[PDB]
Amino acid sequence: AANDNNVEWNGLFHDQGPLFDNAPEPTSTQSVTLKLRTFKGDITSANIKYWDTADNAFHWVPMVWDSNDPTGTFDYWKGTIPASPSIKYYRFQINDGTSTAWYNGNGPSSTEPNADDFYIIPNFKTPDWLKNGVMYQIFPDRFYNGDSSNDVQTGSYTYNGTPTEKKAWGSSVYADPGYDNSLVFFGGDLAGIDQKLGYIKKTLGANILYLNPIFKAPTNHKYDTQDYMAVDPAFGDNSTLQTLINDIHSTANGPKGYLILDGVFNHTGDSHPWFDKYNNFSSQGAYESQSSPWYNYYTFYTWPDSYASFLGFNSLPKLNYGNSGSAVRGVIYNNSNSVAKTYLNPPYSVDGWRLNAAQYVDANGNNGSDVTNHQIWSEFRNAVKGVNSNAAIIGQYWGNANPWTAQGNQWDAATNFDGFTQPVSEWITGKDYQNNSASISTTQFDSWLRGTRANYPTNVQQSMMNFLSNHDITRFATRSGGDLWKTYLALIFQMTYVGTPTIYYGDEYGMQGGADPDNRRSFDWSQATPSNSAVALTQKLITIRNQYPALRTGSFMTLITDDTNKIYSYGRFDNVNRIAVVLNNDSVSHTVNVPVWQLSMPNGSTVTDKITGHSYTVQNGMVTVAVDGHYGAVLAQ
């Protein structure tokens, strides 16, 4: 490069990784020093332009040359944004004579952007164990029956005039005639999970567990809560939970673990004593009497048959959060003996909550996604973080969760459907996560990922729940036609991308299943061993991620987007590590010349494909590696 009235986008780069930001999660008193990369001697001037919420105006901070990278290929321009309590957003204006280019969260641009600027949210912190961990999701009843004595039997009890049905382990999940899909139980419980911690924390290596509902409820999924204060008898009791939490936190059976619980706070089941539609309690619920001490916990349009609920389901009456200081906000999160704080406090001390249907939480029966909804979650945050500043908060949202995270006063992250699940699904399987035809090329994939990451602050990005699938969508293995290689590719990408790798029990070995409830089959433990290639790779990958901080909290730079050969290469890097990931989304093999010079990997230095053990030597900024179709290489140094 040179001073030639031309700013070369290729050399330009910046994100909030260690090399470019010395304060990614600053306090009110820490200033943020930014570094921008450009080809050596490529520009003439560069400036940081930031909008400060303090005075609603833009501010200018001319940058100065700071240094060259070890390979003398790039320049690092420096500039500092002053320390203060206010949220700020910035972008860079890069000049080279008569040529100007802009750069922000969405990369280089010819015209000045007005959205996707980088974020600086003082005092906003997301739990680092979440950024650096690997999560494992479990749908309780279908993981492992560790205690058959608490098993729900056929006919044990009935719900809304329908007996429960028990299935032999491994059988189909669909209810037989006379029964209901939501009342089919396989016997999965807490003792079961406790007995299989070794497989989770050692065989795989995951250090975080997220469980679907485990509180008293009549269904098998349990989102129709009957009592948040008691573990459903079928899964055990509260002391069984205490034991499990102790074994999860234990460092004597593997790495230190963390437990995240599903919080269904937008509604309750219709059989919860506060509502008591079927009169299962001597107390009087809202449905039973307009005098009920809990009458105002709900919204009735025409008492008692017509009332607000979750998406029209009468079994899920919607809670009325009213205004600040309301009884409802008290039992859910404000009171020390509320659902949220009870489990966050001893003798439970869980590590976080997954906010179910979080966007709908509101007052008076409205559907949220408004001021009230956001006011509630920001109070929810103070409450949780007041009890444990390291307790994670991850909300369920299928689109852009920027409105619930970009101000650092609500959730730490969100279920990454839009930023991970969908793009990965369409790129590798040619299907969206509902299994309908939807394909995207590599260039598109890379563009989809960049735009979605730009929707969130860096610490949020690094805390997003990235799963290939879950209890509400179809199995990745099913969307791929059983082609286990597509699972390999998915895993390698998932374990090396930005965000919390999240495995939905079964995906690690390639489990199938279509739309609910078929996406909640019982875990086949004969497949749960390294003899299964998917499992072995999963474990291998998890070890690799835990080995390099760069894969968890490092920068991310796109390296190759080849739609012809279907090759995707990106680099994860920081002050100490440079890692080039090369993915082959094609069905045949391809030899790729990886431009590792982009990550400043010195010539003559060696790299190692952590996935095969095979080592390579960097020569002329490149590294040639052969990669099978639907597979990948993780060149690290």
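Numbers follow the displayed sequence, beginning with 1.
Trainee: Given the B-factors recorded for C-alpha atoms, which segment has the greater mean, 397-405 or 252-260?
Mentor: Comparing 252-260 with 397-405, the higher average CA B-factor belongs to 252-260.
Trainee: Which has the higher mean CA temperature factor in the PDB entry, 223-231 or 182-190?
Mentor: Comparing averages over the C-alpha atoms only gives 182-190.
Trainee: Maximum C-alpha temperature factor per the entry, among 558, 148, 378, 415, belongs to which one?
Mentor: Across 558, 148, 378, 415, the entry lists the biggest C-alpha B-factor for 148.
Trainee: For the listed residues 553, 422, 436, 373, which one has the largest C-alpha B-factor as given in the deposited model?
Mentor: Each of 553, 422, 436, 373 was compared by C-alpha B-factor; the highest is 436.
Trainee: Taking the chain's C-alpha temperature factors as the reference, tell me which third residue 13 falls into: lowest, middle or highest.
Mentor: According to the entry, residue 13 has a C-alpha B-factor in the chain's lowest third.
Trainee: Would you mind checking where the Cα B-factor of residue 44 ranks among the modelled residues of its chain, as the lowest, middle or highest third?
Mentor: Within its chain, residue 44 is a lowest-third residue by C-alpha B-factor, going by the deposited values.
Trainee: Is the Cα B-factor recorded for residue 610 in the lowest, middle or highest third of its chain?
Mentor: Ranked within chain, residue 610 CA B lands in the highest tercile.
Trainee: Based on the entry's values, in what third of the chain does the Cα temperature factor of residue 573 lie: lowest, middle or highest?
Mentor: CA B-factor rank for residue 573: lowest third.
Trainee: Using the B-factors in the PDB entry, rank residue 307's C-alpha atom against the chain and give the third, lowest, middle or highest.
Mentor: For residue 307, the deposited C-alpha B-factor lands in the middle third.
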